[PDB]
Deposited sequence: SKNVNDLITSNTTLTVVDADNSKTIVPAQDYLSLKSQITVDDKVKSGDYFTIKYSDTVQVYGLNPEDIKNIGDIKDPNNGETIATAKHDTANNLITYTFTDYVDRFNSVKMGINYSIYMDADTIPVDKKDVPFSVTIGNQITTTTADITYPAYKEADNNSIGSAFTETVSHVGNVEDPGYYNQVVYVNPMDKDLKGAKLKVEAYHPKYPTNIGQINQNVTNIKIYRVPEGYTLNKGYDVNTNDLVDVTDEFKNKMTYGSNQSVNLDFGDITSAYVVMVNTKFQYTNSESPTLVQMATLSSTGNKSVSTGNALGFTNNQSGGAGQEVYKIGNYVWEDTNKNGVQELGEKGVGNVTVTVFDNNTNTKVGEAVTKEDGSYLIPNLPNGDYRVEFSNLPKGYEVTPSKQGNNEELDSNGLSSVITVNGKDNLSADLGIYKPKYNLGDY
């Protein structure tokens, strides 16, 4: 088991996508498209591993940290097998992929990845031109740049405010735990002297009567921090709380929950900026496409009230695959071995063996692969036919391993809670 970064080579693209066509690049709105075709040296063996490292300005999820699951094992799309398993170490900006026995069973291994990844605002607190974003696949660095341009804080007279959703874990349709979301509110980011300041945060908007936002004393947790003099707030709403002064204890008597998913924070007379962190639980919903809206309004004496807010939309038996290999069993021993190659143009026909009803069919590709999808748990008869002329069927069920043997022309396999890729056929062509 060793690092084989020097035994892969890739054609990689890393592209900044202006997702909202704003003509500006903002971490909260835009994203990075990473694509790579990776060629793996034949010397690589199972348990070897390669890494994908990304720069400090890159992260592998957006608002939902559970989206890390979208960047997972690398699979062969033709035959359904896993080529390498993925392990994230987000603290080290690292993905480690460990090769499976795929690379012991096949030469000329090639892999594709197609990921959406995200910009990390942690080190981009303000507008900056030519910010680099880098991904290192094996030993090859792919670097792209973009100008980062954040929106301005909302203002009304001497009142100013900003807000963003910073984390959303939504389980739409789950009654036990609908999930949670976090919002950050910058209070008075323009650093003014405001008289009788009050902040109203509300999961309420007249346009959204089915809002799944929720604010009340039982589900909501609020932290308040004072911003030191001269501190530059992160315009991407990445808050390093160690840089700020926790003043949550000072907002007893000043914290009031109210109707329509509201909470009111009485700041009084203030001369600094404040960061308000709001953690709260989603409401449950039956709907397929719910909406979350949460507003924040700062009011003070002698100034127009300023409002800002954020809005987001969300989304709400098992079947499996059978396969997957017809190969030319050169040494006739009935066992799939490295260097023996797949056979194309062989017909596979699959039946539910308990009803004798046809459930799928395929023709093997040039690499010998086939897949039969959409099969629930059951017993399935797999019939091979239309072998190449001159070829004979190799001996069946050799080698004491039903994943590496030949099933013969007709056999029955059981699908039980996972893909069953063990219905394989070995053939050879006699010369004598």
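Unmodelled segments of the deposited chain, in sequence order: 317-323, 440-444.
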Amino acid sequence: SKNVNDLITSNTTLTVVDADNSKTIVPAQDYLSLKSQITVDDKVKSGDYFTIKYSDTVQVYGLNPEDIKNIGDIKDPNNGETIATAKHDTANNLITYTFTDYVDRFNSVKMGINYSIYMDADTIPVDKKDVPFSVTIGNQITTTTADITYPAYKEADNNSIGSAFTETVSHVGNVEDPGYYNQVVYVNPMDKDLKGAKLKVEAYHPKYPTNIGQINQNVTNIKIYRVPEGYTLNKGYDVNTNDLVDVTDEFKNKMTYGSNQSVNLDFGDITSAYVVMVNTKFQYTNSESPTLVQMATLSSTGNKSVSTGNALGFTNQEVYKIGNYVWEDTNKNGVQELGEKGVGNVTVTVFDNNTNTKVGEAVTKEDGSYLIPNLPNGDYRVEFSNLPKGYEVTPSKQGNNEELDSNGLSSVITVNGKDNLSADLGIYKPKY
From here on, numbers count along this sequence of modelled residues.
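Just going by the entry, 239-247 versus 70-78 on mean CA temperature factor gives the higher value to 239-247. 348-356 and 167-175 differ in mean CA B-factor, and the higher of the two is recorded for 167-175. The maximum CA B-factor among the listed residues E328, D101, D89, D157, taken from the PDB record, is found at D157.
In this entry, the residue among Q261, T308, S116, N333 with the greatest C-alpha B factor is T308.
Remark: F50 belongs to the middle third of its chain, ranked by C-alpha B-factor as recorded.
Among all modelled residues in this chain, the alpha-carbon of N93 has a temperature factor (C-alpha) in the middle third. In the PDB entry, a CA B factor belonging to the lowest third of its chain's modelled residues is recorded for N5. Per the PDB record, residue ranking by Cα B-factor puts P27 in the middle third of the chain.
Among the modelled residues of its chain, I224 has a C-alpha B-factor that falls in the highest third according to the deposited record.
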